[PDB]
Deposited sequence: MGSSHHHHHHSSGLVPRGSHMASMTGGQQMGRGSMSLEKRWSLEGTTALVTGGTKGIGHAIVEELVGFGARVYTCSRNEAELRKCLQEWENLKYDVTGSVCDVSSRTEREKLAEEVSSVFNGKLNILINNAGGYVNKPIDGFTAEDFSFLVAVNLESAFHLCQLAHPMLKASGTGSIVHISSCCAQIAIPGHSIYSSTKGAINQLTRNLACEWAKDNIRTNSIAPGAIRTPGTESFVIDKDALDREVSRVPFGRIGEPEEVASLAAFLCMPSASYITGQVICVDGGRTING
């Protein structure tokens, strides 16, 4: 029935990087539909402030400090989540990311390593770590936050976009290999979005404006609902038409 198909009541979720921007919007959207959410960031003081605000509003959100670019910390994170949720995870949102803007000539080995670790390896390893919990839930949804620039060339975005292009492909492999476990995997590819993390861009957007965090968060929540049960392996741009505009 419609009511059930459009609900996240009784679900559990992990959202990485939930203290700001898109991740923060995703946490609130998910709890809005009844999910219990676990989140993280590298900043202890900002995380407690977020968690306190959410507890004031009686949202069921918990979290811990975690740098998802660290293998040991990812392992620790998956351990706590599995204990808190009793080994059952409905939802994994790989939102934490990193950004460097330089011409190709300018990129350092350190820049490369940083972007690969936080944008690609983190998501990959966390999917691995989360697979038992996702499988155990009986209805699993992985959503990667990619970027629309993994389909076009934006000045300065070479390694950033390439790591997101890798995520787009990983989406397809996850979708197919774990379909048997009733786990779906999709990617949301935002255009420019107004965030703490963030002229010529908006000129390229048919809508003539940048997006808002909730314009990404809504689709993330939808993709986790029973209503999205036949959607998997997709890369969906949320960019006001940016990438298909001539």
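No alpha-carbon coordinates exist for the deposited sequence positions 1 to 35, 234 to 243, given here in order along the chain.
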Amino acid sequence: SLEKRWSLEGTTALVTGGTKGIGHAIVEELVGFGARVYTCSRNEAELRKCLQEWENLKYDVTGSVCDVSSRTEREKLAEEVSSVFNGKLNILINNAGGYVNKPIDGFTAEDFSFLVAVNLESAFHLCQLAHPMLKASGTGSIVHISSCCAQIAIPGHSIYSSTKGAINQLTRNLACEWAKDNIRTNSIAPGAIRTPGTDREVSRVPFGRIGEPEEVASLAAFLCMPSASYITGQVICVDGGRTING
From here on, numbers count along this sequence of modelled residues.
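For the pair 38 to 46 and 187 to 195, the mean B factor over Cα atoms is greater in 38 to 46. Comparing 162 to 170 with 74 to 82, the higher mean C-alpha B-factor in the PDB entry belongs to 74 to 82. Going by the entry's values, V65 shows the largest Cα B-factor out of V65, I26, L219, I210.
In the deposited entry, the Cα temperature factor of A130 places it in the middle third of its chain's modelled residues. The deposited CA B-factor of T11 belongs to the highest third of values across its chain. Ranked within its chain, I152 lands in the lowest third, by CA B factor from the PDB record. The entry lists a Cα temperature factor for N245 that places it in the middle third of the chain's modelled residues. Among the modelled residues of its chain, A123 has a C-alpha B-factor that falls in the lowest third, as given in the PDB entry.
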